[PDB]
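Visitor: With the input below, show me the fold.
(chains A and B)
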Amino acid sequence: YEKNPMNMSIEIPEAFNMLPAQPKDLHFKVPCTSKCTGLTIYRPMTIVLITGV
Amino acid sequence: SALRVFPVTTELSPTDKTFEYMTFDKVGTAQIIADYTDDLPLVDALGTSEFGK
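Guide: Numbers count the residues shown, from 1 in each chain, chains lettered A, B, ... in the order given. Right below this line is the structure:
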């Protein structure tokens, strides 16, 4: 393949973060969240996959 | 000898015609627990009154 941000991309709109701890009777709960999209290929035909190797 | 044997107070206005006092009470308990607990015994209160002339 050709490494070029105009051909394929991965998006991370929101990075990893930790929310403030929510307390209970004698213990706490700490939630975490993040965002992602995956792999997107704007321009195909610039990638060749040789299978059965 | 009444006024010299029993105490005399002046916490009453000349226009007052009845009086009242209050009394309180409480209940409760405790137990032996662990780190991760979600139940704990509770307490409460109470009250009562009396009158005069």
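
Visitor: quick one, what contacts the residue of chain A most remote from its centre?
Guide: The outermost residue of chain A relative to its centre, with distances by C-alpha atoms, centre = their mean, is residue A:25 at 35.4 Å. Contact partners of residue A:25, counting by C-beta atoms under 8 Å, 6 or more residues apart in numbering or on different chains, are B:37-38, B:40. All C-beta atoms are positioned from the backbone trio N, CA, C, and that covers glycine.

Visitor: which of those residues tops the neighbour count?
Guide: residue B:37 (12 neighbours; other C-beta atoms under 10 Å in any protein chain shown).

Visitor: picking up where we left off before, with distance to chain A and secondary structure as extra columns, can I get the contacts of residue A:25 in CSV?
Guide: Listed next are the contacts of residue A:25 as CSV, based on distance: C-beta to the nearest C-beta, whole Å; DSSP: H, G, I helix; E, B strand; the rest coil:
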residue, distance to chain A, secondary structure
B:37, 6, coil
B:38, 6, coil
B:40, 7, coil
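
Visitor: if we take the residues you listed, which one ends up nearest to residue A:19?
Guide: Taking C-beta to C-beta as the measure, residue B:38 is the one of the contacts of residue A:25 closest to residue A:19, at 21.5 Å.

Visitor: Leaving aside the residues adjacent along the chain, what's closest to the closest one?
Guide: Residue nearest to residue B:38 in three dimensions, not counting chain neighbours: residue A:25, with 5.5 Å by C-beta to C-beta, 6 or more residues apart in numbering or on different chains.

Visitor: Quick check: the one you found is in a helix.
Guide: No - Residue A:25: not assigned to a helix; according to DSSP: H, G, I helix; E, B strand; the rest coil it is coil.

Visitor: Distance check, it against residue B:40.
Guide: Per C-beta to C-beta, to the nearest Å, residue A:25 is found 7 Å from residue B:40.
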